[PDB]
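Here the structure comes first, spelled out in structure tokens, and everything after it is commentary.
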2 protein chains.
Amino acid sequence: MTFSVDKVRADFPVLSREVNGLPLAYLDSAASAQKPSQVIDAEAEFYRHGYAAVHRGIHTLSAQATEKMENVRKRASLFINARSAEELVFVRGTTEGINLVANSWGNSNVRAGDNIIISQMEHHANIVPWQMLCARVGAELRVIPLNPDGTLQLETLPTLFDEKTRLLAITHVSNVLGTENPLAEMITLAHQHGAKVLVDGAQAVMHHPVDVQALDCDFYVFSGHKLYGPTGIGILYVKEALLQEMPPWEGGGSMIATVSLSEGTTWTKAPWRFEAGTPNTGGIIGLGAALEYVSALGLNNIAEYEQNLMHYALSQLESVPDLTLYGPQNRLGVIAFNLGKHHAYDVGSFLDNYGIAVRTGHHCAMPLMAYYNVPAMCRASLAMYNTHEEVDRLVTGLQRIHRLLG
Amino acid sequence: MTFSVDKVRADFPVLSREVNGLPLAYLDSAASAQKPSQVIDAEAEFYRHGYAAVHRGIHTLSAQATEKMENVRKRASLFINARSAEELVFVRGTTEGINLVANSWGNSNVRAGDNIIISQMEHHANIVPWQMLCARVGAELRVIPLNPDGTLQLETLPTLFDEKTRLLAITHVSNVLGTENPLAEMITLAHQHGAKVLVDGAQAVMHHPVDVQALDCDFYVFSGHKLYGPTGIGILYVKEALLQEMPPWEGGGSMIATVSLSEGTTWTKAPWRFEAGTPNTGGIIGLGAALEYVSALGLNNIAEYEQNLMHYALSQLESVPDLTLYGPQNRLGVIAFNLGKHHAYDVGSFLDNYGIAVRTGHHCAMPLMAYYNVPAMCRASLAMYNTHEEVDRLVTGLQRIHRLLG
Ligand SMILES: *Cc1c(COP(=O)(O)O)cnc(C)c1O
Ligand SMILES: *Cc1c(COP(=O)(O)O)cnc(C)c1O
Ligand code: NA
């Protein structure tokens with residue numbers, strides 16, 4: 001199909017690991033992705049040969065490290081088709097990026113009596129910062145409800161948007177259900193009210209091309225460690241016209257223009273105004289390598305392979321007795337499920353005993369669990385390095401668990 | 001002396017680098033330290049063989065990664081002699097740790113009409129968050145002034161501490177002058193007023209043992225990348241009795257106990273309440289390795305070597321014509337200087353042309369520069385892997401620059 005999963009897997013050293021004496025089947029990339037040698041080695045080589053502080057130090061290594069950091073900002077901006085590299089801020093991850101927007105933009109744009117709209121499928125990262133903001137300023141957090149099939153009940157939007165709505169904060173792809181929301185249309189509607197839209201893209205950017213100009217979203221966030229990259233780094237994109245007006249959030253070195261203890265302090269320009277103190281330079285270098293690696297494979301090639309793998313898994317899972325799936329038939333990336341009346345914790349423990357890593361619990365989406373009237377679900381991630389054989393192991397494992405515990 | 005600089009240098013791959021065709025002399029560890037292979041490789045090996053999401057996932061790799069992360073928290077806590085591992089919070093760095101205190105503790109404890117005390121030698125990281133807090137709540141930022149020798153004018157403390165003083169925020173070791181402040185005594189005085197004390201320890205923890213119980217500081221912060229460790233990780237220590245009362249700062253997954261869109265959200269216990277979303281697990285593993293590496297060398301051994309190297313450099317620098325040094329004779333770690341009437345930028349450029357990396361500019365301490373009536377200084381860092389020969393190269397370089405540009 002162009003894509004070769006065996007060639008890709010050869011780049012990921014963890015996929016040779018054994019677990020409990022058995023070949024690992026790592027079906028938990030939606031919690032965090034494994035990293036290819038190209039990414040691991042790019043960061044290690046930077047530490048071994050090129051390391052220095054950044055912030056445009058006088059000397060050669062610092063100047064070169066600074067250039068590498070800004071070149072990754074440019075590469076990230078092209079990856080999401082931002083108009084400018086200066087629309088991207090380096091953060092620790094999706095979570096921090098949402099908190100930055102909620103404090104810097106939210107404190108200046110959301111007032112007492114206003115409302116913000118989220119959905120019932122959001123991850124806690126795209127819930128709690130908004131609850132904190134609503135409590136700080138006296139605003140209301142409104143919620144788009146779910147349908148049984150895991151899609152949003154969009155017929156409720158006329159009831160939720162009004163002349164006090166300032167922001168829609170919405171997931172691109174559900175980390176549990178795999179639902180992809182109709183962002184472009186939702187954003188058109190939000191903008192007709194003058195509301196802005198933040199998109200939580202943490203489960204989208206690894207599965208297919210993402211184009212923030214076509215989406216017209218006002219903010220977009222994602223995390224490097226889910227995009228086959230190092231931990232401790234993520235991206236916040238903000239339209240230039242908004243970002244230029246935002247006040248700083250964290251204060252300290254590098255985000256100032258002048259500091260005076262008698263005349264006060266002035267700030268530098270965006271995006272550097274939002275990056276206080278020494279950045280995670282090693283993580284940035286590794287993120288650049290991850291973007292290069294993913295672009296070289298091709299996100300449309302990845303999307304084709306993953307979609308065929310997902311279709312195969314859904315077909316095979318029909319032969320598991322008493323299996324409940326949650327979410328729509330066209331899901332991306334993740335399959336959420338429960339087996340009979342067995343606790344997800346026990347199902348996931350048996351799968352781990354078989355060498356198969358899935359996630360269990362509430363997946364940082366307690367309101368979603370409550371919608372489905374369950375405390376927890378299992379979740380298998382089917383990423384670009386996973387195989388039909390691993391899917392077969394999952395199915396056989398569930399069949400064995402059902403027979404043993406029934 | 002026990003310590004062997006040649007043995008230590010053999011662990012640091014960057015110190016073989018050439019710059020401008022010449023052997024690198026890296027005298028800028030105070031901006032960021034080089035890392036030994038043990039640290040680089042510990043992080044790489046974790047990514048190659050053990051990588052998974054943390055937060056106590058069901059499956060083997062996640063459970064083991066979670067245990068490693070909490071074991072590093074325990075190792076860090078023993079390194080600074082905290083009473084408990086649960087008094088330490090993982091942050092990106094010193095800067096973020098100060099911002100966390102300034103928002104979470106500062107918003108709840110500093111009111112209109114109150115005052116906070118800093119010093120004129122602080123880094124911007126230990127200035128700007130407090131300026132932001134003072135502007136948010138209507139409090140006054142007071143300043144301990146400098147003496148000409150780079151020490152604090154402690155006779156002013158009776159004028160600065162009063163019944164409205166809530167916090168002293170103070171550097172352990174100046175990043176420019178190398179002054180070590182008399183923290184234990186200053187903390188006793190602050191506590192007599194009921195004020196708390198945050199210590200900025202970013203330039204202390206690599207030079208000698210640090211014991212927060214003996215200091216009795218209420219908060220202590222430092223950064224991994226200056227302690228021979230990866231970027232993107234640092235530590236905030238807070239006394240348990242204070243930390244347990246502090247509200248969360250960043251919101252999202254992992255820091256909640258329950259999330260409801262109708263009944264609101266409750267928080268988990270400290271320190272995990274302060275760690276929202278996926279942590280920088282790779283950076284944490286690397287920080288654990290850096291602490292192990294430093295402890296194995298011995299901080300009293302490091303302190304002896306560095307102090308002998310500093311004494312040698314100060315003695316040799318007497319033979320540089322028209323050299324101005326800033327700070328006290330007993331400085332740690334850094335030598336700040338200007339050469340004649342030459343701009344620091346030009347001096348540092350010639351040194352870089354000789355293969356010698358120093359920092360130039362305001363060193364994120366504009367109020368300190370202004371105290372000395374200069375726009376900028378040069379700064380040479382003399383760390384545990386630097387040598388007498390590198391000091392000799394610095395001296396010869398300055399002599400050559402003086403002769404060429406005079
Ligand atoms: C992972 C995830 C987050 C949180 O990202 P972090 O890297 O943990 O900050 C937010 N939203 C979704 C949909 C996620 O899958
Ligand atoms: C480095 C430094 C800081 C800032 O630390 P980051 O790692 O850049 O956040 C704060 N204070 C002092 C004294 C420093 O040397
Ligand atoms: Na932060």
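The way I read the labels, and the way they are meant: chains A, B, ... in the order of the structure tokens, residue 1 as the first residue of every chain, and ligand 1 as the first ligand shown, with later ones counted on from there.
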
Residues of chain B within 7 Å of chain A, using only C-alpha atoms, as a ChimeraX atom specification? /B:13-14,17,31-32,34-35,40,44,47-53,57-60,95,99,124-125,128-129,231-232,250-253,259-261,276-277,279-282,348-349,352,357-360,364,366-367

Please identify all polymer residues within 12 Å of segment 311-320 of chain B, counting only C-alpha atoms, omitting same-chain residues fewer than 5 positions from it, and present them as a count of residues only. 41

Which of segment 108-346 of chain B counts as strand (DSSP E) under DSSP, as a ChimeraX atom specification please? /B:115-119,140-144,165-171,196-200,219-223,234-238,256-260,264-267,323-326,334-339
